[PDB]
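# As a preliminary step, the opening chains of the complex are given here in situ:
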Amino acid sequence: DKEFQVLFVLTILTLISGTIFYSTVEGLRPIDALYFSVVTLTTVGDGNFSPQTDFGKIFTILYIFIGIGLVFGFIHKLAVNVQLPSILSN
């Protein structure tokens, strides 16, 4: 399904960008930079980190508006695909 495939690609690319940004500008380990990107765009949030640089705060504001809609579109399409085999078996 192309719509799912394109949403996956867009999501991956968006998360790579955040991982690169937070590891190079905010000094996080790559796994922590990816984690922060994920919990930010899914709106879970993180209780133990917020960006410390003005550049990082501005980036994070724009990153949320650029990425939140795409990530929730991906989460929805992923849910359809993961749940369908159980629905159809049932």
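Received, thanks. Numbering: from 1, shown residues only, chains lettered A, B, ... in the order given.

# Every contact and neighbour count from this point should use C-alpha atoms.
Noted.

# Got phi/psi on the spatially most central residue of chain A?
Centroid-nearest residue in chain A, with Cα atoms, centre = their mean: residue A:38, separated by 3.8 Å. For residue A:38, the backbone dihedrals (degrees, to the nearest 10) come out as phi -70, psi -50.

# In contact with it, which residues?
Shown in contact with residue A:38 (Cα atoms under 8 Å, 6 or more residues apart in numbering): residue A:15.

# measure it to residue A:18 for me?
9 Å (Cα to Cα, to the nearest Å).

# How about residue A:72?
From residue A:72 to residue A:18 the distance is 16 Å (Cα to Cα).

# So between those two, which is more surrounded?
Per other Cα atoms under 10 Å, whichever of residue A:72 and residue A:18 has more neighbours is residue A:18, with 24 against 16.

# Now do the helices in chain A.
Listed in chain order, the helices of chain A (DSSP state H) span A:2-24, A:30-41, A:54-89.

# among the ones you listed, which is nearest residue A:48?
Residue A:48 sits nearest to helix A:30-41 of all the helices of chain A, at 9.9 Å, using Cα to Cα.

# build in chain B:
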Amino acid sequence: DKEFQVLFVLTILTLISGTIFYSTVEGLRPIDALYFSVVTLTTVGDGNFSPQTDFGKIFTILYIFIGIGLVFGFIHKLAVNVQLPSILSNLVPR
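Alright, chain B goes in next:
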């Protein structure tokens, strides 16, 4: 509603899995592991705890992407099939 029953069971299994994961790998008490799993997948977040192990961080990323869709599908079906009909019935003057 077969879809509701599926989302209910999958949500329960998802929360059981998180309870087992966070109590085993991150050392949380089971009630705290269940709490963390619920507030993470409903996107509330916990304001104090973050996974400390790299295993926990990777698991949580995958758990979020799969679990948010299931839990909010369940919450939507719960609203449509249970809560809204119950509110409507309870507003009828008798």
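
# Once more for the contacts of residue A:38, now including chain B?
A:15, B:61 (Cα atoms under 8 Å, 6 or more residues apart in numbering or on different chains).

# And for residue A:4?
A:74, A:77, A:78.

# can I get those in a markdown table with distance to residue A:25 and neighbour count?
Below are the contacts of residue A:4 laid out as a markdown table (distance: Cα to Cα, whole Å; neighbours: other Cα atoms under 10 Å in any protein chain shown):
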| residue | distance to residue A:25 | neighbour count |
| --- | --- | --- |
| A:74 | 27 | 23 |
| A:77 | 32 | 17 |
| A:78 | 31 | 18 |
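
# Among the residues you listed, find me the one that's closest to chain B.
residue A:78 (7.1 Å; Cα to the nearest Cα).

# do you know how far the closest one is from residue B:76?
To residue B:76, residue A:78 is 16 Å away according to Cα to Cα.

# Residue A:47 too?
Taking Cα to Cα, one finds residue A:47 at 27 Å from residue B:76.

# Could you verify my assumption that residue A:46 touches residue A:33?
No: between residue A:46 and residue A:33 there is no contact under Cα atoms under 8 Å: 11.5 Å.

# sorry, back to before: ok, which of the contacts of residue A:4 also contact chain B?
residue A:78 (Cα under 8 Å from any Cα of the partner chain).

# please slot chain C in as well:
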Amino acid sequence: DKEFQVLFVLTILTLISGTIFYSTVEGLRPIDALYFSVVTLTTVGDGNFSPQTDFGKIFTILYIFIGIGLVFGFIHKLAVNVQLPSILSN
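Let me add chain C to what's already shown:
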């Protein structure tokens, strides 16, 4: 509009219940108990408090499932009413 009025009442009643619970079981000032109830059900979250009692953790789990749908229905209906005068003037 009755649908808005009923959603308002349900939301108020739900927030009062949380305020009573967190102030009596978790020892919060009423304003902090109301604040915690609001940021929990809107999924904002709070970075500086989590329930400390097992009773409070169980309550919070059930409170989220009981209240999240109602609160977002109210937020949506509120948004229609607050935005409409500007839309119609424009």
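
# Once more for the contacts of residue A:38, now including chain C?
Here residue A:38 is in contact with A:15, B:61 (Cα under 8 Å, 6+ apart).

# Check residue A:47 too.
B:45, B:46, B:47, B:48, B:49, B:50, C:47 are the contacts of residue A:47 under Cα under 8 Å, 6+ apart.

# ok, and the closest non-adjacent residue to the third one?
Of all residues not flanking residue B:47 in the chain, residue C:47 sits nearest, at 3.6 Å (Cα to Cα, 6 or more residues apart in numbering or on different chains).

# got the CA coordinates for stretch A:33-47 in PDB?
Only the C-alpha atoms of stretch A:33-47 are listed here, as PDB (Å, rounded to 0.1, in the frame of the first residue of the first chain):
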ATOM      1  CA  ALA A  33      18.100  12.000  20.400                       C
ATOM      2  CA  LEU A  34      15.800   9.500  18.600                       C
ATOM      3  CA  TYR A  35      13.800   8.900  21.800                       C
ATOM      4  CA  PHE A  36      13.300  12.600  22.400                       C
ATOM      5  CA  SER A  37      12.200  13.100  18.700                       C
ATOM      6  CA  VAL A  38       9.700  10.200  19.000                       C
ATOM      7  CA  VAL A  39       8.100  11.200  22.400                       C
ATOM      8  CA  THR A  40       7.900  14.900  21.100                       C
ATOM      9  CA  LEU A  41       6.200  14.200  17.800                       C
ATOM     10  CA  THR A  42       3.800  11.600  19.400                       C
ATOM     11  CA  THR A  43       3.000  14.200  22.200                       C
ATOM     12  CA  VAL A  44       4.000  11.800  24.900                       C
ATOM     13  CA  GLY A  45       6.700  14.200  26.000                       C
ATOM     14  CA  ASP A  46       9.700  13.600  28.200                       C
ATOM     15  CA  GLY A  47      10.000  14.400  31.900                       C
END
